[PDB]
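One chain is shown next in structure tokens, namely the form deposited in one PDB entry.
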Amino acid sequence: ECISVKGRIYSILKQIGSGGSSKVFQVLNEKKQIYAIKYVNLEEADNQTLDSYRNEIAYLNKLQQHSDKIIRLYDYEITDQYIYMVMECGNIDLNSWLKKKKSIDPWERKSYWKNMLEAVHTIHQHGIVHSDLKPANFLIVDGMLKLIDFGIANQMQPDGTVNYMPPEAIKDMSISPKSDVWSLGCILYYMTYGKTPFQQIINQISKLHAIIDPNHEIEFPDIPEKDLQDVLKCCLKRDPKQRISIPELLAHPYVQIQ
């Protein structure tokens, strides 16, 4: 089982994901290095879908030079029939790593948050609001967390959830960078307390209710890191105008004082 891309040949080791007409494979080049190749079948694809994938590739190419907390794109090939993207392969996604972990190391949680902030900061500077951040969107490679996509095209499922949905995303059924702060908050909450803020409410219709509800209060058990407590509280403010910004989160003692 092989894949060729712009001259070069690759052996499929394992399929790691699949979505709308796309598949992500862990593969090897001739020198026995590991990559992740994404394949998209374009045969039965809208002009909307095509344009979203074109928009994804352009943004991923551009955003290469600006942060190394964005997945590396080594090469790509696009025709009317398919797209191949040769990207970095990670060790493990952040969702799978959080589910395997007993207790999160305080220094390693702070390192990861820094990484997430840098990645999301970067896409914001180029006018992208992701809008659907989850642990599944971050990948552990080398020592660092990297963002793997931009919420531009359809997300890959591993081979959903509303636990990270911001209140204004539910309230706007009748886009701000503050929306990414909420979701990033929820990942940090999970990294801190072992649960997302509303992971206790199993009913999805009931889950959407607590997120929008001012009179529902999120609990914050006290911890050694009083800075971390505060970061969590400012990210998880229901009113987006009063919610903390990425550039503020970067000036925050939790991230600055070592």
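Only the largest set of C-alpha atoms that superpose within 1.5 Å between the two forms is called the rigid core. Residue positions are given as counts along the sequence shown, with the first one as 1.
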Next item on the list: Go through the other compared entries with residues on either side of residue 158 and state whether a third or more give it no coordinates.
Entry: yes
Check: Looking across the other entries that model both neighbours, is residue 111 missing in at least a third?
Finding: no
Margin query: With respect to the deposited sequence, is there a break between residue 159 and residue 160 in this entry, and if so is it 1 to 3, 4 to 9, or 10 or more residues, or none at all?
Written below: 10 or more
Margin query: I'd like the number of residues from the deposited sequence that lie between residue 174 and residue 175 yet are not in the model, binned as none, 1 to 3, 4 to 9, or 10 or more.
Written below: 10 or more
Next item on the list: Would you determine, from the values in the PDB entry, which of 115 to 123 and 134 to 142 has the greater average C-alpha temperature factor?
Entry: 134 to 142
Notebook entry, point to check: If you average the Cα B factors in the entry, which is higher, 35 to 43 or 212 to 220?
Noted result: 212 to 220
Item checked: Of the residues 26, 64, 203, 55, the one carrying the largest Cα B-factor as recorded -> 203
Checklist line | residue 9 by Cα B-factor - lowest, middle or highest third of the modelled chain | finding: highest
Check: According to the PDB entry, is the CA B factor of residue 193 in the bottom, middle or top third of its chain, that is, lowest, middle or highest?
Finding: highest
Note to self: Where does the C-alpha B-factor of residue 71 rank in its chain, lowest, middle or highest third?
What the structure shows: lowest
Next item on the list: Could you look up the Cα B-factor of residue 18 in the entry and say which third of the chain it sits in: lowest, middle or highest?
Entry: highest
Margin query: Split into thirds by Cα B-factor across the chain's modelled residues, where does residue 110 land: lowest, middle or highest?
Written below: middle
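Note that the form deposited in another entry isn't included here; everything after this is about it.
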Next item on the list: For residue 30, state whether the C-alpha moves by 2 Å or more between this form and the one not shown after rigid core superposition.
Entry: yes
